[PDB]
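Form deposited in one PDB entry, single chain, as structure tokens, below.
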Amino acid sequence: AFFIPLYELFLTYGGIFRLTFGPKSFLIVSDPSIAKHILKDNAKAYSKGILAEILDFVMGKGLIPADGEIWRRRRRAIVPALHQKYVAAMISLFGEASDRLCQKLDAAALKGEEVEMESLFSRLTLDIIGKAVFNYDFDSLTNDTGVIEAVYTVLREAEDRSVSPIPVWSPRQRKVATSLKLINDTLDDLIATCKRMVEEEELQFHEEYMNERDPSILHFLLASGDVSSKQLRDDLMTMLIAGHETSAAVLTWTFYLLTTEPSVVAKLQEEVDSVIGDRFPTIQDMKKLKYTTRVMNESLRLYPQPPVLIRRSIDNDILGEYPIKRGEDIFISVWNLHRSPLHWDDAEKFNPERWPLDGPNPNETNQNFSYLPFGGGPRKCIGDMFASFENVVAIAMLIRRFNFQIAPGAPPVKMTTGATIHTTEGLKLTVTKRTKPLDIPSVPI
């Protein structure tokens, strides 16, 4: 909840102030022009600062905590893997995995059982990202394994390291090392298997390269003639963490928000029934699911993942009107930017159509850095199309099949400090079926 007090301090003291706690301090930036200066116009004057001390233990030299030449080299190598053909193929994976979740919800609906949606969404996004990135099937939606428990142990340690530098106003360290070893060994097995597959395949590599039997990013990188084993594992681990935690929270907060506005749910149900019905969405459906897209856009506005971006000055600069030297630890409050009453009409209202339904999708450019769901400038998210489609698919397929409501007596929904916005106790919902089992599958065109 660290960003919550920063909001009211922003209202009183403005778009840049120094939050001091004893002999240390952070600069808190909530001004879109200043954010644009740091993230895009003058990014060369900034490092990821504290972000690296948080994530280094698991991401190593991966893209998110990296800076300098190793960042530039790996960025140029990895971005080509997320080409249009790859993203189009991942939409099939999104639908298959979302359908496996629907089967779980359908079983609960038939028994009248309530469901805790945050944990289910975490399993869904873990299953998707493991397959998309390095061709592994966690199947966390169905089972628990030592590999799955290792990932969540590592995730929890990353959460602990995120809260550690933040002011408030062994045996675990051995379990972490064991979990890291199991995941690294697991990745090593996949890398070895994939190299064998690359050596035996007959496919000329091109800019749209994709082996249809193994379309993972790991396979693209290996067939491209890419670096060391440590570096490749770090690259994969970074994308695993990034693509799991973010969308798990986006889906959680999207369905929380849906319970707050029945008229939005009605309009969403109308679109999904009309556009996809019971179908697995395709790439063509991504442009037609316009209201679903806006619901996702508005969820990311109200609950950004992460709610803050972290930088450190490595040179002199000017922020707003204020000169700074190198060494300033800076938190850009995406939360404040997204909820600023100066730049948003009825900023606290869940209103998917605050951007025209038939107009351009909102991004950091056309919102002039008052909206930054995927960051901006050279360090902008590389999975932004991937994740946007992933969440549209999950939302649409679930809303097609079920009605969701806050469960009676459910624990309150409150936020926590972390890399992403988790709830305190989950999102406990009742789930009822919208369609009949004996109805013929409906395929609209």
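For every residue, the number given is its place in the sequence shown, counted from 1. Here, rigid core means the biggest group of C-alpha atoms that superpose within 1.5 Å across both forms.
The same protein also has a form deposited in another entry, omitted here; what follows describes it.
For the listed set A407, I64, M415, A45, the sole C-alpha moving 2 Å or more between the shown form and the other one on a rigid core superposition is that of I64.
Taking the rigid core as fixed, one finds a CA shift for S164 of 2 Å or more between the shown form and the other one. After superposing the rigid core, the C-alpha of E8 moves by less than 2 Å between the shown form and the other one.
Put the two forms on the same core and the Cα of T435 is off by 2 Å or more between the shown form and the other one. The pair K436 and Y291 approaches in the other form: their C-alpha atoms are at least 3 Å nearer to each other than in the form depicted. Annotation for the pair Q269/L438: C-alpha atoms approach each other in the other form, by 3 Å or more compared with this form.
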